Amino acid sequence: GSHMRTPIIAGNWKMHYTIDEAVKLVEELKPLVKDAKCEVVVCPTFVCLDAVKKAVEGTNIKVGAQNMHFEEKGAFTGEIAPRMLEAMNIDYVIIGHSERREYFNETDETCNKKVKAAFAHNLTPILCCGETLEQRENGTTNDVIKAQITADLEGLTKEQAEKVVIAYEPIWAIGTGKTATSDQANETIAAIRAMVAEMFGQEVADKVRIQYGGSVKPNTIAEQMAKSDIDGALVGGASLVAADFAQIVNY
């Protein structure tokens, strides 16, 4: 609150929308978010990135990719190199989303390589972290997330670390009758800030933006953003509907 940290609301569209559908959504969004009091990012699928970035030129809407590889080029069929995003002037890249850690063998080692590559290619990484139902139930939330942060941010300079955007995903709450409370979210996010401080020092911790990446809807965002350590939101399904995403942006 006392510390200056520009809030950031990023929409993770996940696997949704053709090129024309993607452009139609950002066209709808433009007049609804022109007065945002936060940074605004939309993250379309790879095949839509060029069209979406070109469509939002002249506005405050930034664009993120949903993943990338860490090498410059090479024998990685199906993968997208950081330089391919950089050539499109993409602003952000999501790294370590729970869905990629679960289904596609994303490891902490590859996350770390990707975060470093982001900085080498004028991309700001949105590093996702978070614990499972079983890890939370066993009381290991902070140990698990500390292990992710330690490994994923290894080797960064202070100047790089303070530019990372960290998104906390409460995987434990995915698919249940109750979402994390704003207090639960804030407590774990404050812990993450403490992990950053221990690694990079107090000034870096004071500056790093940390988003909540559990369920975010128009009716939850005001309470979430009022919390002491929450700097924004990595929004899932609500990001797919222009009016709903704009409500979250205009919290």
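Numbers follow the displayed sequence, beginning with 1.
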Determine, for stretches 129-137 and 89-97, which one has the higher mean CA B-factor as deposited.
-> 129-137
For the C-alpha atoms alone, is the average B factor greater in 8-16 or in 225-233, going by the entry?
-> 225-233
Looking at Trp172, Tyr103, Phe76, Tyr168, which has the highest CA B-factor as recorded?
-> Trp172
Which is it among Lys113, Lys178, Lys146, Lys163: the one with the largest CA B-factor in the entry?
-> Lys178
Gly64 by Cα B-factor - lowest, middle or highest third of the modelled chain | lowest
Within this chain's modelled residues, let me know which third the CA B factor of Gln211 belongs to: lowest, middle or highest.
-> lowest
Split the chain's modelled residues into thirds by Cα B-factor; is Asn186 in the lowest, middle or highest one?
-> highest
CA B-factor placement of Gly201, once the chain's modelled residues are sorted into thirds | middle
Where the record places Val41 (Cα B-factor, split into thirds across the chain) = lowest
